[PDB]
file work03.pdb (PDB, N, CA, C and O atoms and all ligand atoms)
ATOM      1  N   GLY L 594      -2.928 -11.404   6.544
ATOM      2  CA  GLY L 594      -2.781 -11.104   5.138
ATOM      3  C   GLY L 594      -1.355 -10.773   4.750
ATOM      4  O   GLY L 594      -0.511 -10.406   5.569
ATOM      5  N   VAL L 595      -1.081 -10.903   3.462
ATOM      6  CA  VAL L 595       0.208 -10.541   2.901
ATOM      7  C   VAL L 595      -0.026  -9.470   1.850
ATOM      8  O   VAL L 595      -0.861  -9.634   0.960
ATOM      9  N   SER L 596       0.699  -8.361   1.966
ATOM     10  CA  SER L 596       0.570  -7.265   1.021
ATOM     11  C   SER L 596       1.905  -7.028   0.344
ATOM     12  O   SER L 596       2.959  -7.229   0.941
ATOM     13  N   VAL L 597       1.849  -6.573  -0.900
ATOM     14  CA  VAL L 597       3.033  -6.312  -1.702
ATOM     15  C   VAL L 597       3.083  -4.829  -2.036
ATOM     16  O   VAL L 597       2.115  -4.268  -2.553
ATOM     17  N   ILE L 598       4.209  -4.201  -1.725
ATOM     18  CA  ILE L 598       4.449  -2.783  -1.943
ATOM     19  C   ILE L 598       5.382  -2.663  -3.133
ATOM     20  O   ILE L 598       6.515  -3.157  -3.093
ATOM     21  N   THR L 599       4.925  -1.997  -4.177
ATOM     22  CA  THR L 599       5.682  -1.832  -5.400
ATOM     23  C   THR L 599       5.705  -0.377  -5.849
ATOM     24  O   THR L 599       4.679   0.302  -5.803
ATOM     25  N   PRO L 600       6.861   0.131  -6.281
ATOM     26  CA  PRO L 600       6.899   1.476  -6.872
ATOM     27  C   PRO L 600       6.265   1.574  -8.249
ATOM     28  O   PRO L 600       6.171   2.686  -8.778
ATOM     29  N   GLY L 601       5.816   0.480  -8.833
ATOM     30  CA  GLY L 601       5.240   0.464 -10.167
ATOM     31  C   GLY L 601       6.237  -0.155 -11.126
ATOM     32  O   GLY L 601       7.435   0.146 -11.084
ATOM     33  N   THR L 602       5.746  -1.045 -11.988
ATOM     34  CA  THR L 602       6.619  -1.802 -12.878
ATOM     35  C   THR L 602       7.278  -0.930 -13.925
ATOM     36  O   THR L 602       8.224  -1.375 -14.582
ATOM     37  N   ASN L 603       6.799   0.295 -14.083
ATOM     38  CA  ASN L 603       7.348   1.289 -14.993
ATOM     39  C   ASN L 603       8.441   2.107 -14.321
ATOM     40  O   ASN L 603       8.911   3.114 -14.847
ATOM     41  N   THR L 604       8.856   1.686 -13.134
ATOM     42  CA  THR L 604       9.889   2.382 -12.386
ATOM     43  C   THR L 604      10.959   1.391 -11.969
ATOM     44  O   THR L 604      12.154   1.695 -12.005
ATOM     45  N   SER L 605      10.527   0.194 -11.598
ATOM     46  CA  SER L 605      11.400  -0.819 -11.031
ATOM     47  C   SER L 605      10.589  -2.088 -10.859
ATOM     48  O   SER L 605       9.362  -2.080 -10.946
ATOM     49  N   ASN L 606      11.295  -3.184 -10.612
ATOM     50  CA  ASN L 606      10.660  -4.465 -10.332
ATOM     51  C   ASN L 606      10.984  -4.954  -8.930
ATOM     52  O   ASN L 606      10.659  -6.092  -8.587
ATOM     53  N   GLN L 607      11.619  -4.124  -8.115
ATOM     54  CA  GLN L 607      11.801  -4.446  -6.711
ATOM     55  C   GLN L 607      10.471  -4.365  -5.977
ATOM     56  O   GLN L 607       9.509  -3.754  -6.440
ATOM     57  N   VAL L 608      10.424  -4.998  -4.813
ATOM     58  CA  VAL L 608       9.174  -5.194  -4.104
ATOM     59  C   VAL L 608       9.481  -5.308  -2.620
ATOM     60  O   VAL L 608      10.565  -5.742  -2.229
ATOM     61  N   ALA L 609       8.544  -4.863  -1.791
ATOM     62  CA  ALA L 609       8.597  -5.094  -0.358
ATOM     63  C   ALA L 609       7.324  -5.804   0.070
ATOM     64  O   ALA L 609       6.318  -5.773  -0.630
ATOM     65  N   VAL L 610       7.367  -6.477   1.211
ATOM     66  CA  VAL L 610       6.287  -7.375   1.607
ATOM     67  C   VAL L 610       5.904  -7.104   3.050
ATOM     68  O   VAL L 610       6.765  -7.087   3.930
ATOM     69  N   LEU L 611       4.613  -6.921   3.294
ATOM     70  CA  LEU L 611       4.076  -6.708   4.630
ATOM     71  C   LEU L 611       3.304  -7.947   5.057
ATOM     72  O   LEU L 611       2.377  -8.369   4.365
ATOM     73  N   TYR L 612       3.699  -8.535   6.178
ATOM     74  CA  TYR L 612       2.946  -9.591   6.834
ATOM     75  C   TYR L 612       2.138  -8.932   7.928
ATOM     76  O   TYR L 612       2.706  -8.449   8.906
ATOM     77  N   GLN L 613       0.820  -8.912   7.781
ATOM     78  CA  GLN L 613       0.001  -8.026   8.592
ATOM     79  C   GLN L 613      -0.186  -8.617   9.980
ATOM     80  O   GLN L 613      -0.484  -9.802  10.123
ATOM     81  N   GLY L 614       0.036  -7.778  10.985
ATOM     82  CA  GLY L 614       0.009  -8.079  12.420
ATOM     83  C   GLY L 614       0.538  -9.476  12.739
ATOM     84  O   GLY L 614      -0.022 -10.232  13.527
ATOM     85  N   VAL L 615       1.684  -9.780  12.152
ATOM     86  CA  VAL L 615       2.435 -10.978  12.479
ATOM     87  C   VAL L 615       3.748 -10.553  13.109
ATOM     88  O   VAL L 615       4.408  -9.621  12.657
ATOM     89  N   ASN L 616       4.117 -11.228  14.187
ATOM     90  CA  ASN L 616       5.399 -10.940  14.802
ATOM     91  C   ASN L 616       6.515 -11.382  13.874
ATOM     92  O   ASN L 616       6.499 -12.483  13.327
ATOM     93  N   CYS L 617       7.493 -10.506  13.699
ATOM     94  CA  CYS L 617       8.417 -10.651  12.588
ATOM     95  C   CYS L 617       9.454 -11.741  12.825
ATOM     96  O   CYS L 617      10.419 -11.831  12.063
ATOM     97  N   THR L 618       9.269 -12.573  13.844
ATOM     98  CA  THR L 618      10.207 -13.646  14.174
ATOM     99  C   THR L 618       9.680 -15.000  13.702
ATOM    100  O   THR L 618      10.364 -16.016  13.765
ATOM    101  N   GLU L 619       8.442 -15.003  13.213
ATOM    102  CA  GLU L 619       7.807 -16.245  12.801
ATOM    103  C   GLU L 619       7.317 -16.149  11.365
ATOM    104  O   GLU L 619       6.297 -16.743  11.005
ATOM    105  N   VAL L 620       8.051 -15.420  10.533
ATOM    106  CA  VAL L 620       7.636 -15.178   9.156
ATOM    107  C   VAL L 620       7.882 -16.407   8.286
ATOM    108  O   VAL L 620       6.954 -16.857   7.602
ATOM    109  N   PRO L 621       9.094 -16.985   8.256
ATOM    110  CA  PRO L 621       9.216 -18.141   7.368
ATOM    111  C   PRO L 621       9.054 -19.463   8.107
ATOM    112  O   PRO L 621       8.149 -20.232   7.790
ATOM    113  N   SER L 640      19.674  -8.730   5.188
ATOM    114  CA  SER L 640      18.454  -8.148   4.639
ATOM    115  C   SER L 640      17.792  -7.189   5.620
ATOM    116  O   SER L 640      18.341  -6.883   6.676
ATOM    117  N   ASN L 641      16.604  -6.717   5.259
ATOM    118  CA  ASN L 641      15.890  -5.708   6.029
ATOM    119  C   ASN L 641      14.605  -6.302   6.576
ATOM    120  O   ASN L 641      13.633  -6.465   5.835
ATOM    121  N   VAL L 642      14.597  -6.619   7.862
ATOM    122  CA  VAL L 642      13.373  -6.958   8.563
ATOM    123  C   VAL L 642      13.103  -5.850   9.564
ATOM    124  O   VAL L 642      13.984  -5.471  10.343
TER     125      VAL L 642
ATOM    126  N   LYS T 854      -6.323 -12.223  17.114
ATOM    127  CA  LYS T 854      -7.252 -12.349  15.996
ATOM    128  C   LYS T 854      -8.039 -13.652  16.082
ATOM    129  O   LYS T 854      -7.501 -14.695  16.450
ATOM    130  N   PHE T 855      -9.320 -13.584  15.740
ATOM    131  CA  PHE T 855     -10.186 -14.755  15.781
ATOM    132  C   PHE T 855      -9.925 -15.693  14.610
ATOM    133  O   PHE T 855      -8.796 -16.118  14.374
ATOM    134  N   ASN T 856     -10.992 -16.008  13.884
ATOM    135  CA  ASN T 856     -10.935 -16.886  12.728
ATOM    136  C   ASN T 856     -11.213 -16.115  11.449
ATOM    137  O   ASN T 856     -12.367 -15.849  11.122
ATOM    138  N   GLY T 857     -10.157 -15.758  10.727
ATOM    139  CA  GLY T 857     -10.310 -15.014   9.502
ATOM    140  C   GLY T 857     -10.734 -13.577   9.662
ATOM    141  O   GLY T 857     -11.038 -12.939   8.659
ATOM    142  N   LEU T 858     -10.776 -13.055  10.883
ATOM    143  CA  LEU T 858     -11.208 -11.692  11.152
ATOM    144  C   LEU T 858     -10.031 -10.889  11.676
ATOM    145  O   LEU T 858      -9.391 -11.294  12.649
ATOM    146  N   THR T 859      -9.751  -9.755  11.053
ATOM    147  CA  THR T 859      -8.687  -8.883  11.520
ATOM    148  C   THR T 859      -9.144  -7.432  11.522
ATOM    149  O   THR T 859     -10.105  -7.053  10.858
ATOM    150  N   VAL T 860      -8.419  -6.622  12.281
ATOM    151  CA  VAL T 860      -8.674  -5.197  12.409
ATOM    152  C   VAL T 860      -7.427  -4.457  11.959
ATOM    153  O   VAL T 860      -6.341  -4.700  12.485
ATOM    154  N   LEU T 861      -7.574  -3.595  10.990
ATOM    155  CA  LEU T 861      -6.469  -2.820  10.458
ATOM    156  C   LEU T 861      -6.340  -1.496  11.188
ATOM    157  O   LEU T 861      -7.343  -0.898  11.578
ATOM    158  N   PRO T 862      -5.126  -1.023  11.419
ATOM    159  CA  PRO T 862      -4.941   0.230  12.136
ATOM    160  C   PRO T 862      -5.181   1.423  11.228
ATOM    161  O   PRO T 862      -4.991   1.336  10.008
ATOM    162  N   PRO T 863      -5.605   2.554  11.777
ATOM    163  CA  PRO T 863      -5.761   3.756  10.962
ATOM    164  C   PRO T 863      -4.421   4.367  10.591
ATOM    165  O   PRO T 863      -3.420   4.208  11.281
ATOM    166  N   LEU T 864      -4.423   5.078   9.466
ATOM    167  CA  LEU T 864      -3.181   5.614   8.925
ATOM    168  C   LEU T 864      -2.628   6.732   9.791
ATOM    169  O   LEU T 864      -1.419   6.797  10.025
ATOM    170  N   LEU T 865      -3.485   7.627  10.252
ATOM    171  CA  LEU T 865      -3.106   8.665  11.200
ATOM    172  C   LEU T 865      -3.269   8.143  12.616
ATOM    173  O   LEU T 865      -4.340   7.653  12.979
ATOM    174  N   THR T 866      -2.215   8.252  13.410
ATOM    175  CA  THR T 866      -2.286   7.895  14.812
ATOM    176  C   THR T 866      -3.088   8.951  15.568
ATOM    177  O   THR T 866      -3.530   9.942  15.000
ATOM    178  N   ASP T 867      -3.308   8.744  16.860
ATOM    179  CA  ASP T 867      -3.989   9.767  17.641
ATOM    180  C   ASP T 867      -3.086  10.948  17.937
ATOM    181  O   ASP T 867      -3.574  12.069  18.110
ATOM    182  N   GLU T 868      -1.784  10.709  17.988
ATOM    183  CA  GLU T 868      -0.820  11.776  18.177
ATOM    184  C   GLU T 868      -0.827  12.742  17.004
ATOM    185  O   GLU T 868      -0.779  13.959  17.193
ATOM    186  N   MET T 869      -0.895  12.215  15.789
ATOM    187  CA  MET T 869      -0.950  13.044  14.602
ATOM    188  C   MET T 869      -2.215  13.885  14.546
ATOM    189  O   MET T 869      -2.157  15.058  14.176
ATOM    190  N   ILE T 870      -3.354  13.327  14.945
ATOM    191  CA  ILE T 870      -4.588  14.097  14.913
ATOM    192  C   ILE T 870      -4.597  15.164  16.001
ATOM    193  O   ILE T 870      -5.115  16.267  15.791
ATOM    194  N   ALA T 871      -4.018  14.886  17.166
ATOM    195  CA  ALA T 871      -3.909  15.944  18.154
ATOM    196  C   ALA T 871      -2.958  17.043  17.714
ATOM    197  O   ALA T 871      -3.209  18.219  17.993
ATOM    198  N   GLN T 872      -1.902  16.700  16.997
ATOM    199  CA  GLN T 872      -1.072  17.692  16.341
ATOM    200  C   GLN T 872      -1.829  18.565  15.352
ATOM    201  O   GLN T 872      -1.616  19.778  15.322
ATOM    202  N   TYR T 873      -2.688  17.970  14.530
ATOM    203  CA  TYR T 873      -3.491  18.742  13.589
ATOM    204  C   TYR T 873      -4.426  19.712  14.298
ATOM    205  O   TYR T 873      -4.559  20.869  13.882
ATOM    206  N   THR T 874      -5.106  19.262  15.352
ATOM    207  CA  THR T 874      -5.997  20.191  16.027
ATOM    208  C   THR T 874      -5.250  21.279  16.776
ATOM    209  O   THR T 874      -5.753  22.399  16.853
ATOM    210  N   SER T 875      -4.060  21.009  17.292
ATOM    211  CA  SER T 875      -3.327  22.100  17.912
ATOM    212  C   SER T 875      -2.791  23.093  16.888
ATOM    213  O   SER T 875      -2.697  24.281  17.193
ATOM    214  N   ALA T 876      -2.463  22.660  15.677
ATOM    215  CA  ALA T 876      -2.140  23.630  14.642
ATOM    216  C   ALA T 876      -3.339  24.470  14.216
ATOM    217  O   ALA T 876      -3.172  25.661  13.961
ATOM    218  N   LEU T 877      -4.533  23.889  14.105
ATOM    219  CA  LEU T 877      -5.706  24.708  13.812
ATOM    220  C   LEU T 877      -5.970  25.717  14.923
ATOM    221  O   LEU T 877      -6.268  26.890  14.663
ATOM    222  N   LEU T 878      -5.853  25.277  16.164
ATOM    223  CA  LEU T 878      -6.155  26.121  17.296
ATOM    224  C   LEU T 878      -5.130  27.219  17.508
ATOM    225  O   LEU T 878      -5.494  28.295  17.976
ATOM    226  N   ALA T 879      -3.868  26.991  17.192
ATOM    227  CA  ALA T 879      -2.893  28.056  17.271
ATOM    228  C   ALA T 879      -2.979  29.019  16.104
ATOM    229  O   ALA T 879      -2.602  30.178  16.254
ATOM    230  N   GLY T 880      -3.452  28.569  14.954
ATOM    231  CA  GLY T 880      -3.723  29.434  13.833
ATOM    232  C   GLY T 880      -4.854  30.391  14.110
ATOM    233  O   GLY T 880      -4.761  31.569  13.779
ATOM    234  N   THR T 881      -5.920  29.915  14.748
ATOM    235  CA  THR T 881      -7.047  30.807  14.981
ATOM    236  C   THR T 881      -6.846  31.746  16.167
ATOM    237  O   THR T 881      -7.310  32.881  16.110
ATOM    238  N   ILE T 882      -6.157  31.328  17.223
ATOM    239  CA  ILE T 882      -5.918  32.210  18.363
ATOM    240  C   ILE T 882      -5.033  33.381  17.967
ATOM    241  O   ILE T 882      -5.027  34.429  18.612
ATOM    242  N   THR T 883      -4.322  33.251  16.864
ATOM    243  CA  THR T 883      -3.173  34.102  16.630
ATOM    244  C   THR T 883      -3.284  34.891  15.329
ATOM    245  O   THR T 883      -2.698  35.965  15.205
ATOM    246  N   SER T 884      -4.062  34.394  14.363
ATOM    247  CA  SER T 884      -4.201  35.046  13.079
ATOM    248  C   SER T 884      -5.640  35.299  12.675
ATOM    249  O   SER T 884      -5.863  35.800  11.573
ATOM    250  N   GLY T 885      -6.605  34.942  13.507
ATOM    251  CA  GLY T 885      -7.985  34.978  13.078
ATOM    252  C   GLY T 885      -8.242  34.046  11.915
ATOM    253  O   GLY T 885      -7.748  32.922  11.863
ATOM    254  N   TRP T 886      -9.018  34.530  10.959
ATOM    255  CA  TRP T 886      -9.430  33.773   9.791
ATOM    256  C   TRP T 886      -8.509  33.966   8.598
ATOM    257  O   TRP T 886      -8.875  33.589   7.489
ATOM    258  N   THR T 887      -7.350  34.577   8.783
ATOM    259  CA  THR T 887      -6.487  34.855   7.652
ATOM    260  C   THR T 887      -5.718  33.640   7.176
ATOM    261  O   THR T 887      -5.329  33.600   6.013
ATOM    262  N   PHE T 888      -5.474  32.663   8.043
ATOM    263  CA  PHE T 888      -4.651  31.533   7.648
ATOM    264  C   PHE T 888      -5.433  30.537   6.809
ATOM    265  O   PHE T 888      -4.838  29.731   6.096
ATOM    266  N   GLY T 889      -6.757  30.604   6.842
ATOM    267  CA  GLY T 889      -7.558  29.751   5.998
ATOM    268  C   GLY T 889      -7.792  30.314   4.613
ATOM    269  O   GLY T 889      -8.498  29.711   3.808
TER     270      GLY T 889
HETATM  271  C1  LIG L 901       5.946   5.110 -17.810
HETATM  272  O1  LIG L 901       6.700   4.740 -18.952
HETATM  273  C2  LIG L 901       6.757   5.773 -19.948
HETATM  274  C3  LIG L 901       7.513   5.199 -21.126
HETATM  275  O2  LIG L 901       8.202   4.009 -20.772
HETATM  276  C4  LIG L 901       7.406   7.030 -19.371
HETATM  277  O3  LIG L 901       7.330   8.076 -20.332
HETATM  278  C5  LIG L 901       6.711   7.460 -18.085
HETATM  279  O4  LIG L 901       7.439   8.508 -17.459
HETATM  280  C6  LIG L 901       6.609   6.284 -17.123
HETATM  281  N1  LIG L 901       5.882   6.663 -15.922
HETATM  282  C7  LIG L 901       6.454   6.722 -14.715
HETATM  283  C8  LIG L 901       5.562   7.135 -13.583
HETATM  284  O5  LIG L 901       7.640   6.462 -14.547
HETATM  285  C1  LIG L 902       7.818 -11.034  19.089
HETATM  286  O1  LIG L 902       8.268 -12.059  19.980
HETATM  287  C2  LIG L 902       9.405 -11.685  20.775
HETATM  288  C3  LIG L 902       9.766 -12.892  21.605
HETATM  289  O2  LIG L 902       8.872 -13.051  22.698
HETATM  290  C4  LIG L 902       9.079 -10.461  21.624
HETATM  291  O3  LIG L 902      10.252 -10.048  22.312
HETATM  292  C5  LIG L 902       8.572  -9.324  20.747
HETATM  293  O4  LIG L 902       8.176  -8.227  21.558
HETATM  294  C6  LIG L 902       7.404  -9.802  19.894
HETATM  295  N1  LIG L 902       6.937  -8.736  19.021
HETATM  296  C7  LIG L 902       6.226  -7.691  19.456
HETATM  297  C8  LIG L 902       5.821  -6.694  18.414
HETATM  298  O5  LIG L 902       5.928  -7.552  20.636
END

call {"tool": "encode", "arguments": {"input": "work03.pdb", "output": "structure tokens"}}
result
Amino acid sequence: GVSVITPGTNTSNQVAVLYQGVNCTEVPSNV
Amino acid sequence: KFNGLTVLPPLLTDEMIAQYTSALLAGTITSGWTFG
């Protein structure tokens, strides 16, 4: 699954993304 | 993971829960029922 972490659009429009139990070397800054 | 089936981890690790029980246990050995 892919999850999106947001502080709320009434605070900011930045976003972070969690790729669930995927090794972070095969996803396709801060990794 | 199998086919479309996954298992999500719990938010509290086992280390955190053992920390919680040792804080309860040190509170009761040392203060009785006053800390609650
Ligand atoms: C939501 O927006 C309103 C007005 O734009 C503001 O008063 C309120 O503090 C905002 N809420 C948060 C959690 O920032
Ligand atoms: C992801 O793959 C690399 C390459 O084998 C490995 O070193 C790494 O440990 C893997 N990720 C995890 C969380 O083990």

call {"tool": "resolve_selection", "arguments": {"input": "work03.pdb", "expression": "the PyMOL selection byres ((chain T and name CA) within 12 of (chain L and not hetatm and name CA))", "output": "PyMOL selection string"}}
result
chain T and resi 854+857-862

call {"tool": "residues_around", "arguments": {"input": "work03.pdb", "residues": "residue 609 in chain L", "least_positions_apart": "2", "cutoff": "4.5 Å", "atoms": "only N, CA, C and O atoms", "output": "NGL selection string"}}
result
:L and (596-598 or 611)

call {"tool": "resolve_selection", "arguments": {"input": "work03.pdb", "expression": "the PyMOL selection byres (((not hetatm)) within 8 of (chain L and resi 902))", "output": "list in words"}}
result
residues 615, 616, 617, 618 and 619 of chain L

call {"tool": "write_last_selection", "arguments": {"input": "work03.pdb", "atoms": "N, CA, C and O atoms", "output": "PDB file, keeping the file's coordinate frame"}}
result
ATOM      1  N   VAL L 615       1.684  -9.780  12.152  1.00  0.00           N
ATOM      2  CA  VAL L 615       2.435 -10.978  12.479  1.00  0.00           C
ATOM      3  C   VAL L 615       3.748 -10.553  13.109  1.00  0.00           C
ATOM      4  O   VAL L 615       4.408  -9.621  12.657  1.00  0.00           O
ATOM      5  N   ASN L 616       4.117 -11.228  14.187  1.00  0.00           N
ATOM      6  CA  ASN L 616       5.399 -10.940  14.802  1.00  0.00           C
ATOM      7  C   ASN L 616       6.515 -11.382  13.874  1.00  0.00           C
ATOM      8  O   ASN L 616       6.499 -12.483  13.327  1.00  0.00           O
ATOM      9  N   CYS L 617       7.493 -10.506  13.699  1.00  0.00           N
ATOM     10  CA  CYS L 617       8.417 -10.651  12.588  1.00  0.00           C
ATOM     11  C   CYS L 617       9.454 -11.741  12.825  1.00  0.00           C
ATOM     12  O   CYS L 617      10.419 -11.831  12.063  1.00  0.00           O
ATOM     13  N   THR L 618       9.269 -12.573  13.844  1.00  0.00           N
ATOM     14  CA  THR L 618      10.207 -13.646  14.174  1.00  0.00           C
ATOM     15  C   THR L 618       9.680 -15.000  13.702  1.00  0.00           C
ATOM     16  O   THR L 618      10.364 -16.016  13.765  1.00  0.00           O
ATOM     17  N   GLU L 619       8.442 -15.003  13.213  1.00  0.00           N
ATOM     18  CA  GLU L 619       7.807 -16.245  12.801  1.00  0.00           C
ATOM     19  C   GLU L 619       7.317 -16.149  11.365  1.00  0.00           C
ATOM     20  O   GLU L 619       6.297 -16.743  11.005  1.00  0.00           O
TER      21      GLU L 619
END

call {"tool": "residues_near_ligand", "arguments": {"input": "work03.pdb", "ligand": "ligand LIG 901 (chain L)", "cutoff": "7 Å", "atoms": "only N, CA, C and O atoms and all ligand atoms", "output": "ChimeraX atom specification"}}
result
/L:600,603-604

call {"tool": "atom_distance", "arguments": {"input": "work03.pdb", "atom1": "atom C of residue 887 in chain T", "atom2": "CA of residue 864 in chain T"}}
result
28.2 Å

call {"tool": "select_by_dssp", "arguments": {"input": "work03.pdb", "residues": "chain T", "states": "alpha helix (DSSP H)", "output": "list in words"}}
result
residues 867, 868, 869, 870, 871, 872, 873, 874, 875, 876, 877, 878, 879, 880, 881, 882, 883 and 884 of chain T

call {"tool": "select_by_dssp", "arguments": {"input": "work03.pdb", "residues": "chain L", "states": "strand (DSSP E)", "output": "MDAnalysis selection string"}}
result
chainID L and resid 595:598 609:612

call {"tool": "atom_distance", "arguments": {"input": "work03.pdb", "atom1": "atom N of residue 882 in chain T", "atom2": "atom C of residue 869 in chain T"}}
result
18.1 Å

call {"tool": "atom_distance", "arguments": {"input": "work03.pdb", "atom1": "atom C of residue 608 in chain L", "atom2": "atom O of residue 863 in chain T"}}
result
21.2 Å

call {"tool": "decode", "arguments": {"input": "work03.pdb", "residues": "chain T", "atoms": "C-alpha atoms", "output": "mmCIF file, in the first residue's frame"}}
result
data_model
loop_
_atom_site.group_PDB
_atom_site.id
_atom_site.type_symbol
_atom_site.label_atom_id
_atom_site.label_comp_id
_atom_site.auth_asym_id
_atom_site.auth_seq_id
_atom_site.Cartn_x
_atom_site.Cartn_y
_atom_site.Cartn_z
ATOM 1 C CA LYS T 854 3.635 -11.118 1.612
ATOM 2 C CA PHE T 855 1.240 -13.410 -0.247
ATOM 3 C CA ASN T 856 -1.332 -12.173 -2.752
ATOM 4 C CA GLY T 857 -2.932 -8.925 -1.657
ATOM 5 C CA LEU T 858 -2.512 -9.855 2.020
ATOM 6 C CA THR T 859 -0.329 -7.832 4.369
ATOM 7 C CA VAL T 860 0.294 -7.538 8.097
ATOM 8 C CA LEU T 861 0.728 -4.113 9.647
ATOM 9 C CA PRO T 862 3.009 -3.614 12.647
ATOM 10 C CA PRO T 863 1.657 -2.362 15.977
ATOM 11 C CA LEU T 864 2.316 1.229 16.944
ATOM 12 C CA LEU T 865 3.879 0.377 20.309
ATOM 13 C CA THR T 866 6.840 -1.968 20.102
ATOM 14 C CA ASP T 867 7.399 -4.641 22.739
ATOM 15 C CA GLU T 868 10.178 -2.540 24.234
ATOM 16 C CA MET T 869 7.771 0.337 24.810
ATOM 17 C CA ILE T 870 5.215 -1.900 26.516
ATOM 18 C CA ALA T 871 7.854 -3.392 28.793
ATOM 19 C CA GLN T 872 8.851 0.166 29.652
ATOM 20 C CA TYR T 873 5.236 0.949 30.568
ATOM 21 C CA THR T 874 4.926 -2.046 32.860
ATOM 22 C CA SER T 875 8.199 -1.277 34.600
ATOM 23 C CA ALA T 876 6.994 2.267 35.257
ATOM 24 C CA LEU T 877 3.753 0.922 36.761
ATOM 25 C CA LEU T 878 5.687 -1.566 38.859
ATOM 26 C CA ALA T 879 8.171 0.988 40.162
ATOM 27 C CA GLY T 880 5.321 3.355 40.990
ATOM 28 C CA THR T 881 3.551 0.779 43.109
ATOM 29 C CA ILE T 882 6.619 -0.649 44.906
ATOM 30 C CA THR T 883 7.601 2.829 45.934
ATOM 31 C CA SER T 884 4.523 5.044 46.357
ATOM 32 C CA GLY T 885 1.643 2.660 46.945
ATOM 33 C CA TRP T 886 -1.601 3.871 45.412
ATOM 34 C CA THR T 887 -0.741 7.565 45.546
ATOM 35 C CA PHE T 888 0.621 7.869 42.017
ATOM 36 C CA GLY T 889 -2.679 6.812 40.485
#
